[PDB]
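Beneath this line is the structure, given in structure tokens, with notes to follow.
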Amino acid sequence: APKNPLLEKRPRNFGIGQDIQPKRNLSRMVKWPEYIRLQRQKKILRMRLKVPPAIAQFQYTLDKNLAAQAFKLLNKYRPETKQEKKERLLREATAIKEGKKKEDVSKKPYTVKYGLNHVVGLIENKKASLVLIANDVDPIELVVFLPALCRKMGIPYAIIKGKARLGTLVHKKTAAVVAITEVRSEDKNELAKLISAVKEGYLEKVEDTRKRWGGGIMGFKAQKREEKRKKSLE
Amino acid sequence: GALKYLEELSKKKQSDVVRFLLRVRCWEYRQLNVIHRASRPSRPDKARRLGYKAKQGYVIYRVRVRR
Amino acid sequence: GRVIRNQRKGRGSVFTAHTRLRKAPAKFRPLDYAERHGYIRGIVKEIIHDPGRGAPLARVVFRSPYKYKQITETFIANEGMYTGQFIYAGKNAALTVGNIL
Amino acid sequence: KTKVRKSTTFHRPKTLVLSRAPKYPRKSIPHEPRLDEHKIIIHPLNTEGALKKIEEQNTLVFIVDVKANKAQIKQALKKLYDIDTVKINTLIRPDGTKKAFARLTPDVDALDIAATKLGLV
RNA sequence: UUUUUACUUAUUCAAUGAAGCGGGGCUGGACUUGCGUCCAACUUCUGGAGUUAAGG
RNA sequence: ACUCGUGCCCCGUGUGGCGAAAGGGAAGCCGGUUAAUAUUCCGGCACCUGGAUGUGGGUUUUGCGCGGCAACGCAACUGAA
Ligand SMILES: [Mg+2]
Ligand SMILES: [Mg+2]
Ligand SMILES: [Mg+2]
Ligand SMILES: [Mg+2]
Ligand SMILES: [Mg+2]
Ligand SMILES: [Mg+2]
Ligand SMILES: [Mg+2]
Ligand SMILES: [Mg+2]
Ligand SMILES: [Mg+2]
Ligand SMILES: [Mg+2]
């Protein structure tokens, strides 16, 4: 059906001083609450300041593919749950009620190692075969020495993304560090492949970038100003 | 344990890493309220040494005072 | 000796400025996008006497660029300004008496 | 990735609020209704001027509790003597007690009410 | 080593309802010849009105 | 918006209290009456505020009155943000 003659256009000229401005997105300049403001300014300040290498080495994290491979291996060795422990204890109870000694019904467990002090002791005694350190430990101090400790003890390490990721791997909220020491023979080859891949695809690339200071990157407007200055000079 | 390493690192208050962390945390605490609840101790080794435990009933409060 | 009168004046109390008959401070519009980039038009509604001030003040009404309301400002009246006069405030405002540039 | 904000001001989002569901009452026995009719109405006034208006105006004068209001006095009179009033005036005497002039309805005789229920003659 | 002037994130000041800041690119132009650059974004006759969008 | 409180949808720049018996402010007059109160009681005659729903009247049925040149009038004679 053709449009009736009495429908027409009323375009609005939003120029200065001749129409009320439309309701546009003003999300770039909202007065955010103080906690949000501090949260963003904290990251801005860490980017602005020169970061010493010991802290700056933590922005180079494991790639997505390597992290996926590592978690594919680790999900076979995540620790036992409460129900699994209860069932194991129940069957051990039936065993020693029958008179058969404990650790006869159950076998030696292979599980991923977590807990900061436990992991540190493991790599100090060289029992740890691979170490994965969370990249976002609130007090980096707790883990700032871990790459140096692993290098000193000659143990492959990788700074991996996700403290919460390690936590859900290990049935906690956060873990902040994870170590694998021994695996079963059916995936010792998988462990060797993961160790070699982690080595040659993270450590060799970060061998040099881990030694330099964290960038004193300026803001967007400052970067544009410097670009304009250089272009005008040249 | 990592707390021995933390104790040794906390002595090096003039080092670059500790100086950077102190400067940034000082800015953050200055932006925060004069007295405010802290979710966790920013010095876990020092807190545990002074008697802090990670269980319900233990609280950390951060306070700044005029100098 | 005593605290002298000049010292006492800074305490406030009986030496505070009188403010009941003063209706609003004489200030320009807040510097906004319209005043920065083009101009905005306002209408002079009245020329009022402000007690304690030798100069008269001008009440000028503007439209809000972002809302349907209208905003009344209180300027220091420049001599020659009159009720019902259009004044213009902005970068591109004409160079006439009463315009804010 | 971020929501559109048409206003440059941030408001605290509205969150769910729950009414109190205590697992123990703070007090076990709710108090009985204080200031019942027996406390509201104390005794009739039998002075000269109090008895004069019983005949001249069909009103009864009572001494009532100081914290009782006109509605409470009316309800107490209705419950205690089956008395219906058209209006009640109140004052607080210099001795601290409240005096109430309750005018009865025209169909009921204050003299008979006083004689039969109030013991006044 | 001493002085000078550069950076912005410490720190300090000011404004606002924290609305249009900084880069561009679409158009409009005006200035120039190895077709190349600069500017701008639509309100000034009138003591009216302008909001809860028309349209594609 | 549901049988049922709890499901949503819009607006937002603000977001306390006390402080006047002479400032601001809803509405009561006359006559009579007591030993002592009265613009408070009694009689007559009124007014204001708030809440409810009626009778009549008015207006309309694709709609929300009519008149006067006009100043305006008439008993009403829809009206969110
Ligand atoms: Mg806790
Ligand atoms: Mg002195
Ligand atoms: Mg009274
Ligand atoms: Mg053209
Ligand atoms: Mg008050
Ligand atoms: Mg008064
Ligand atoms: Mg009366
Ligand atoms: Mg009367
Ligand atoms: Mg009424
Ligand atoms: Mg009708």
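A quick note on method: Cβ atoms are made from the backbone with ideal geometry, for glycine too, and the neighbour counts reach across all protein chains shown. Readers should treat all values here as calculations from the given coordinates under stated rules, not as data from a laboratory.
Here are the numbers for the structure shown:
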| quantity | calculated |
| --- | --- |
| Members of the range A:182-232 that are of a type in the set (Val, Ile, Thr) and either more than 21 Å from the chain's Cα centre (by Cα) or over 19 Å from A:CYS150 (Cβ atoms) (or both) | A:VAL183, A:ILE217 |
| Subset of the range B:16-42 that is more than 8 Å from every other protein chain (Cβ to nearest Cβ) and in a loop (DSSP other than H, G, I, E, B) - its residue that is nearest to A:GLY214 (Cα to Cα) | B:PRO41 |
| Whichever residue in the range D:5-53 is among the hydroxyl-bearing types (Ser, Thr, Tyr) and either within 16 Å of ligand 3 (Cβ to nearest atom) or away from every other protein chain (no Cβ under 14 Å) (or both) and, among such residues, is nearest to D:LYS74 (Cα to Cα) | D:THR47 |
| In the range A:142-164, the residues that are in contact with a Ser or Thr (Cβ under 8 Å, 6 or more places away or on another chain) and either of a type in the set (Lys, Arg) or part of a helix (DSSP H, G or I) (or both) | A:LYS161, A:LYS163, A:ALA164 |
| Any pair with Cβ under 9 angstrom, 6 or more apart, that starts in the range A:1-29 at a residue that is more than 10 Å from chain C (Cβ to nearest Cβ) and among the acidic types (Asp, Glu) and ends at one that is surrounded by 10 or more Cβ atoms within 10 Å (Cβ to Cβ) and in a loop (DSSP other than H, G, I, E, B) | none |
| Counted residues, the range A:128-140 - those being surrounded by fewer than 22 Cβ atoms within 10 Å (Cβ to Cβ) and either under 13 Å from A:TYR157 (Cα atoms) or within 10 Å of another protein chain (Cβ to nearest Cβ) (or both) | 5 |
| Hey, C:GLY54 within 14 Å of chain A (Cβ to nearest Cβ), away from RNA strand F (no atom under 16 Å from the Cβ) and small (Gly, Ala, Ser) or not | no |
| Long-range neighbours under 7 Å by Cβ, at least six apart or interchain, first residue within 23 Å of B:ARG25 (Cα to Cα) within the range B:53-64, second near ligand 1 (Cβ under 9 Å from one of its atoms) | B:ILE60/B:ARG40 |
| Long-range neighbours under 6 Å by Cβ, at least six apart or interchain, first residue among the hydrophobic types (A, V, I, L, M, F, W, C) within the range B:24-47, second away from ligand 3 (no atom under 16 Å from the Cβ) | B:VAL34/B:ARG64; B:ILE35/B:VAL63; B:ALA38/B:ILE60; B:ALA38/B:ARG62; B:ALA47/B:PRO41 |
| Check on C:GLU73, within 16 Å of RNA strand F (Cβ to nearest atom) and closer than 30 Å to A:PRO22 by Cβ | yes |
| Residue identified as within 14 Å of chain A (Cβ to nearest Cβ) and not in a loop (DSSP other than H, G, I, E, B) among C:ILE71, C:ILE47 | C:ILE71 |
| Evaluation of C:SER64 against (1) within 14 Å of chain A (Cβ to nearest Cβ); (2) touching a residue at least 12 places away in the same chain (Cβ under 8 Å) (one fails), failing number | (2) |
| Lone qualifier among D:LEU35, D:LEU51, D:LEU60, D:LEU77 - being away from ligand 1 (no atom under 16 Å from the Cβ), assigned to a strand (DSSP E or B) and either in contact with a strand residue (DSSP E or B) (Cβ under 8 Å, 6 or more places away or on another chain) or not aromatic (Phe, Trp, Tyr) (or both) | D:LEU60 |
